[PDB]
Amino acid sequence: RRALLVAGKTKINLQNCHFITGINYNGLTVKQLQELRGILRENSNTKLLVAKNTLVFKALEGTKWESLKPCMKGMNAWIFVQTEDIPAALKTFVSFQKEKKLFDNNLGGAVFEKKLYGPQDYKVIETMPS
Amino acid sequence: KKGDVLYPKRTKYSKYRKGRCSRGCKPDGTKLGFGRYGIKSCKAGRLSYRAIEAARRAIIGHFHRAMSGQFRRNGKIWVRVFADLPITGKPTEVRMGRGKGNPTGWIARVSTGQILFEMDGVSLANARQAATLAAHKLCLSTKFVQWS
Amino acid sequence: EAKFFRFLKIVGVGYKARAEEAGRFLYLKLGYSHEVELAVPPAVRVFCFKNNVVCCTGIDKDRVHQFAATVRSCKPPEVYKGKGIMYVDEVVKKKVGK
Amino acid sequence: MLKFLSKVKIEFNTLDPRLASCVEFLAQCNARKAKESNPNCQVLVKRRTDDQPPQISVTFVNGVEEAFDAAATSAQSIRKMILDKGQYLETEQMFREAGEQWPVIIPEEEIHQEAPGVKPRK
Amino acid sequence: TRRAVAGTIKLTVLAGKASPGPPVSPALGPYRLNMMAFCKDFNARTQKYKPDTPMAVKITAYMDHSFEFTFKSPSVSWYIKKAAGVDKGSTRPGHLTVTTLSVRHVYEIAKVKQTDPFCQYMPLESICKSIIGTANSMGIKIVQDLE
Amino acid sequence: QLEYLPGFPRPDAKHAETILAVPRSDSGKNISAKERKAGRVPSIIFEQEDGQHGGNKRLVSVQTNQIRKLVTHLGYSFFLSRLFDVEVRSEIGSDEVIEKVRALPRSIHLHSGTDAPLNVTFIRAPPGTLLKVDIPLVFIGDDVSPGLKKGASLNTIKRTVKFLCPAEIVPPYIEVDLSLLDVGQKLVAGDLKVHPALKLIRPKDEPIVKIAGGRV
Amino acid sequence: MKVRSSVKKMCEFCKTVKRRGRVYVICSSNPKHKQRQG
RNA sequence: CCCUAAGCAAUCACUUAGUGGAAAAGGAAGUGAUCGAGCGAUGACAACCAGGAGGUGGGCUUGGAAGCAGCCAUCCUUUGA
Ligand SMILES: [Mg+2]
Ligand SMILES: [Mg+2]
Ligand SMILES: [Mg+2]
Ligand SMILES: [Mg+2]
Ligand SMILES: [Zn+2]
């Protein structure tokens, strides 16, 4: 029944999703975590969701978001970008690391147009605008 | 009635037979008549009225303590066993036969399966705990009964 | 080669521990009129350091652990001030002496 | 955790499906409890694009370095043998600091010698 | 920054009148905490408001005798028993109703209770239902409109 | 129109097992004890029609484990107010089906001390048979009722109500909603929501439940 | 050591152990809880 | 089996207490047999690691009672929680 929640939450999360990534949420306080979730929802259009690794992928199986399966280890927060404006969605977390000084919490792996880009790779996609 | 201790106000005769109590069951099975939870006996035997009242006091005190406020008084108990048989005895330094002795107490004859207490207006856990607390006052083997 | 180690702590004013002959003998001062002497068994050796700390080494785990238990049983820790012989990582829970 | 170590250098390829031990070790060693036991310690992360296997290579306080097979062993196993090796190096230390020769050595035939029970005597 | 938090104490002081002895006395004296800089920084903050506002402060005590405290606007209990009626909540709330309030005072307090430093992303419906919960905790009755 | 109405409880699919039976050659305490020693409960399958001369009776034995599991899972009253499929085979695991019938468990005897099953009675209920069934009551809405919010107590006077029921639409239970009950007033047997094809056997002025005055 | 016929676990730190064919209750927290059946 | 005439009898199970070869309420849960119940690769239990919050110090009581002396309420929110 608690998996039905995660199935529904990611079903609503993937209705307009263009981009899935992860954030290592080691050491983040509850106030910091809620602040990042709120920053991502008004300055951008992206919904953040902490869930099991095994549930999210099972709701990403037989789907467009199918090959992410290796990058589903560790304490992860899933950042379903439901807009098209990927550059602002990636810039606001860079602003978050710069302002709040949290360099242990990084963006690990992403899926865009069914391609798993490394964090080396989806940085020029933050550099380019529209 | 008579508050705590339960025995008849009067009897037709003062002195009764010993009788036999080691046998007797309920040949059709047993179901609760008033409550949702209950205590029934597993063996056949004799219970004194003091033991019945001790078990009733244990159930009442557990319901009084475990529940507070408005649900403290919402627990109800039914006593289905009644000590209506008088027992007699003779004093020391008295030889064997000069008639029956004076009455000394009251007993209840219990059969196998016979329901002793019934409970309602409480939780299942409190009913089980009150049944466990009441069983230690009784000389017969008992079992917790649930309505189903 | 000694693989197994167990470390004892001596707590108490005037309490001392002293090894004598290449680790084959242990001497304790536990507030008595004499010293308490323990003969270290074969394949076990003993050392004392500058923290009032006893060390038990050796190649048999059973003998080393048992000898450390024996040394602790010479003066087990008392509950009111923590004095006696105890393991280094052992937690003693104190109570208020009225 | 960090009371025997002076550098925890962890490197892994980000995409490879055996990164679980490395990221879990990063979870263990970057904790609030971990860095209040050794603020002088260094935790180094090297994210790389090539396909070397994940490798946790720690070095201890007395310069001893002992690498690990991160792709094949769990982070709790890594932590357990780090605790064991660090305790052994600490035992070897106050041994050398007090004039005792390290390693302490005994002949390997006193096991067969009979050992009577240790009775404390005056 | 790096300090392991020694303690965290909450504290109630009326607005601007922080003379450190009756409320700011043993409360900060128990944990070695300094009084002068704390009081000047507090009264340098709650000067914009009316005096005698029972404002609540959470002090994050430390080991280097340093302070990073957060000042919070007063409780919704005071906001509801000042904007509704008597200053005495029920003896048996949910059994003995004391004062009744409709929805609009709740809406205005929810507008006030969003201005806290850590509630920027909380929505007003959430705070409104929370305020109904606090009202039900006190015996205060809630309605649609009073006439 | 012989179907359960919308919004009414239906028998659950989880407890819709087939009761397996083998024939029994005799009656009495001797063969009953020998069957219970073999792990079986003595039984009988009969019908309403010729009550004199037996009811076209068939003596069978059912497994103790299945009967005990069904009585524990359903409950005693819920077992006796629900139709079952009974299959009679020549032996346990065979293929010679002797009778396959849809029957109501008319009675079950559990031992007064140990509550082990001693006897199960099945009455044949093809469609169009009217049976007197004791339907258990499920009380809901006690957390919403104004009478119990004020601290008053619930006097549950009846736990089962007897109804004459066609076999197709025997309700497994009747839900009694207590939500519109404040202190003092009571529900009677006429207030129970049933199918129109069910008839009360006892008078309609029989009190079911009553919220009695809490002690001030 | 408390010696009684009915030995019990009376806190979450109480463990039952069987030594020399006898039932004991040992407790890491409260030494009052230490019991022997007999 | 010997004492003691006749089996260290045969087959399949059980106990390791000399139970067998004295003794109850009650305790403990060893070792088997059968049927269930609940959870479980959607990752359960045990273990290790990180969080366990906000309205709020709920209202009353009250020298103080702040999750935790006592009475009443026991809701809501953000949440992975
Ligand atoms: Mg006959
Ligand atoms: Mg012979
Ligand atoms: Mg014997
Ligand atoms: Mg016995
Ligand atoms: Zn204990």
Side-chain angles (χ1 to χ4, degrees), chain A residues 2-7 9 25-31 33-34 37-38 48-59 61 75-78, chain B residues 68-70 135-136 138-141, chain D residues 1 24-34 74-77 79-80, chain E residues 9-12 54 56 58 72 74-81 88-96 98 109-110 113 116 118-119 121-123 125-140, chain F residues 39 63-66 68-70 72-73, chain G residues 4-9 16-18 21-25 35 37-38:
Chain A
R2 209 186 264 286
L4 287 176
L5 293 173
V6 184
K9 279 184 180 170
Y25 72 113
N26 296 115
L28 299 171
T29 58
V30 178
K31 272 181 179 160
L33 191 87
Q34 298 316 307
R37 172 172 304 98
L48 189 153
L49 169 64
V50 170
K52 289 190 153 162
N53 293 325
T54 54
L55 300 187
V56 175
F57 177 80
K58 213 207 170 195
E61 183 178 2
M75 289 175 68
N76 276 124
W78 304 110
Chain B
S68 290
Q70 297 164 336
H136 291 124
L138 306 175
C139 62
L140 297 169
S141 197
Chain D
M1 172 92 184
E24 180 60 30
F25 205 60
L26 279 174
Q28 304 297 98
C29 72
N30 297 346
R32 179 188 54 77
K33 259 189 205 167
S74 63
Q76 49 183 352
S77 74
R79 183 167 182 165
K80 190 257 289 182
Chain E
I9 185 55
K10 183 190 183 69
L11 183 145
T12 309
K58 292 179 179 179
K72 180 174 70 179
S75 64
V76 70
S77 173
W78 188 86
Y79 285 163
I80 193 165
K81 74 184 162 191
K88 192 81 170 188
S90 173
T91 315
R92 293 194 64 245
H95 289 259
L96 278 74
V98 187
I109 294 174
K113 294 291 282 184
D116 297 291
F118 301 129
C119 291
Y121 295 117
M122 191 73 73
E125 311 178 358
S126 309
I127 311 178
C128 276
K129 289 143 187 212
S130 312
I131 288 170
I132 308 306
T134 68
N136 204 301
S137 190
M138 307 171 196
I140 312 291
Chain F
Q63 298 288 131
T64 304
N65 287 337
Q66 183 170 14
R68 193 189 289 276
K69 149 194 184 193
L70 283 174
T72 293
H73 286 69
Chain G
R4 52 185 330 157
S5 284
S6 293
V7 289
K8 295 289 189 69
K9 299 171 189 175
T16 299
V17 62
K18 188 173 169 69
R22 269 188 307 231
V23 165
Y24 291 81
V25 178
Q35 300 150 74
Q37 196 164 40

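In the text below, chain A, chain B and the rest are named by the order of the sequence lines, each starting its count at 1. Both backbone and side-chain heavy atoms feed into the values below; hydrogens, waters and symmetry mates do not.
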In this structure, are [M] and [N] stacked, using the six-membered base rings with centres under 5.5 Å and planes under 30°?
{"N": "H:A23", "M": "H:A24", "result": "no"}
{"N": "H:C68", "M": "H:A69", "result": "no"}
{"N": "H:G18", "M": "H:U19", "result": "no"}
{"N": "H:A37", "M": "H:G38", "result": "yes"}
{"N": "H:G21", "M": "H:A22", "result": "no"}

May I have the distance from [X] (atom [atom1]) to [N] (atom [atom2]), rounded to whole angstrom?
{"X": "F:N65", "N": "H:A37", "atom1": "CG", "atom2": "P", "value": "12 Å"}
{"X": "E:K10", "N": "H:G67", "atom1": "NZ", "atom2": "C1'", "value": "15 Å"}
{"X": "A:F57", "N": "H:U42", "atom1": "CZ", "atom2": "P", "value": "10 Å"}
{"X": "A:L33", "N": "H:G52", "atom1": "CG", "atom2": "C1'", "value": "13 Å"}
{"X": "E:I127", "N": "H:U56", "atom1": "CD1", "atom2": "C1'", "value": "14 Å"}
{"X": "A:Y25", "N": "H:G52", "atom1": "OH", "atom2": "P", "value": "12 Å"}
{"X": "G:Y24", "N": "H:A28", "atom1": "OH", "atom2": "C1'", "value": "14 Å"}
{"X": "G:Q37", "N": "H:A17", "atom1": "CD", "atom2": "P", "value": "17 Å"}

Reckon [X] has a side-chain N or O less than 4.0 Å from the OP1 or OP2 of [N]?
{"X": "E:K81", "N": "H:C60", "result": "yes"}
{"X": "E:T91", "N": "H:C72", "result": "no"}
{"X": "G:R22", "N": "H:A28", "result": "no"}
{"X": "E:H95", "N": "H:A73", "result": "yes"}
{"X": "G:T16", "N": "H:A29", "result": "yes"}
{"X": "A:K31", "N": "H:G51", "result": "no"}
{"X": "A:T54", "N": "H:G43", "result": "yes"}
{"X": "D:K33", "N": "H:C48", "result": "no"}
{"X": "F:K69", "N": "H:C35", "result": "no"}
{"X": "E:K113", "N": "H:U77", "result": "no"}
{"X": "D:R32", "N": "H:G51", "result": "yes"}
{"X": "E:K72", "N": "H:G55", "result": "yes"}

Based on the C1'-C2'-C3'-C4' torsion angle, does the furanose ring of [N] adopt a north or a south pucker?
{"N": "H:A66", "result": "south"}
{"N": "H:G70", "result": "north"}
{"N": "H:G57", "result": "south"}
{"N": "H:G21", "result": "south"}

Non-hydrogen side-chain atoms of [X] and [Y] separated by less than 4.5 Å:
{"X": "E:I109", "Y": "E:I131", "result": "yes"}
{"X": "E:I9", "Y": "E:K58", "result": "no"}
{"X": "A:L48", "Y": "A:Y25", "result": "no"}
{"X": "G:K9", "Y": "G:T16", "result": "yes"}
{"X": "D:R79", "Y": "D:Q28", "result": "yes"}
{"X": "G:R4", "Y": "G:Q35", "result": "yes"}

Within the structure shown, what part of the strands sits under 4.0 Å from [X] by heavy-atom distance: base, sugar-phosphate, or nothing?
{"X": "E:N136", "result": "sugar-phosphate"}
{"X": "F:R68", "result": "nothing"}
{"X": "E:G89", "result": "sugar-phosphate"}
{"X": "B:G69", "result": "sugar-phosphate"}
{"X": "D:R79", "result": "sugar-phosphate"}
{"X": "D:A31", "result": "sugar-phosphate"}
{"X": "A:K52", "result": "sugar-phosphate"}

Distance, [atom1] atom - from [M] to [N], rounded to whole angstrom:
{"N": "H:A9", "M": "H:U15", "atom1": "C1'", "answer": "22 Å"}
{"N": "H:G7", "M": "H:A25", "atom1": "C1'", "answer": "45 Å"}
{"N": "H:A65", "M": "H:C72", "atom1": "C1'", "answer": "16 Å"}
{"N": "H:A22", "M": "H:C45", "atom1": "P", "answer": "49 Å"}

As a test of reading the structure: which of [options] is closest to the side chain of [X], going by heavy atoms?
{"X": "G:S5", "options": "H:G80, H:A25, H:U42", "answer": "H:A25"}
{"X": "E:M122", "options": "H:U77, H:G80, H:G58", "answer": "H:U77"}
{"X": "A:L55", "options": "H:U77, H:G80, H:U42", "answer": "H:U42"}
{"X": "E:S137", "options": "H:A73, H:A53, H:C76", "answer": "H:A73"}
{"X": "E:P93", "options": "H:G27, H:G54, H:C72", "answer": "H:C72"}
{"X": "E:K88", "options": "H:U77, H:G80, H:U61", "answer": "H:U61"}
{"X": "A:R37", "options": "H:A53, H:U79, H:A73", "answer": "H:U79"}
{"X": "E:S75", "options": "H:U56, H:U77, H:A81", "answer": "H:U56"}

Exercise. Taking for each residue the nucleotide of RNA chain H with the nearest heavy atom, is it E:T134 or A:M75 whose nucleotide lies nearer the 5' end?
Worked result: A:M75
Seminar exercise, completed: Assign each of F:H73 and G:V7 the nucleotide of RNA chain H bearing its closest heavy atom; nearer the 5' end lies the nucleotide of G:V7
Exercise. Is H:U56 in the syn or the anti form, by the rule that syn lies within 90° of 0?
Worked result: anti
Exercise. Does E:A56 offer a backbone N or O that forms a donor-acceptor pair with the side chain of E:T12 under 3.5 Å?
Worked result: no
Problem set entry | Side-chain donor/acceptor of E:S126 to backbone N/O of E:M122, under 3.5 Å | no
Problem set entry | N/O donor-acceptor pair, side chain E:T12 with base H:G57, under 3.5 angstrom | yes
Exercise. What about G:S6, does its side chain sit under 3.5 Å from the base of H:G27 through a donor-acceptor pair?
Worked result: no
Problem set entry | Separation of F:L70 CG from F:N65 CG (nearest 0.5 Å) | 11.0 Å
Problem set entry | Contiguous pairing runs of three or more, Watson-Crick or G-U under 3.5 Å, that involve RNA chain H | H:53-55 with H:75-77, H:58-60 with H:70-72
Exercise. Residues in salt bridge (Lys or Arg N to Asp or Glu O under 4.0 Å) with G:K8, at least two apart?
Worked result: none
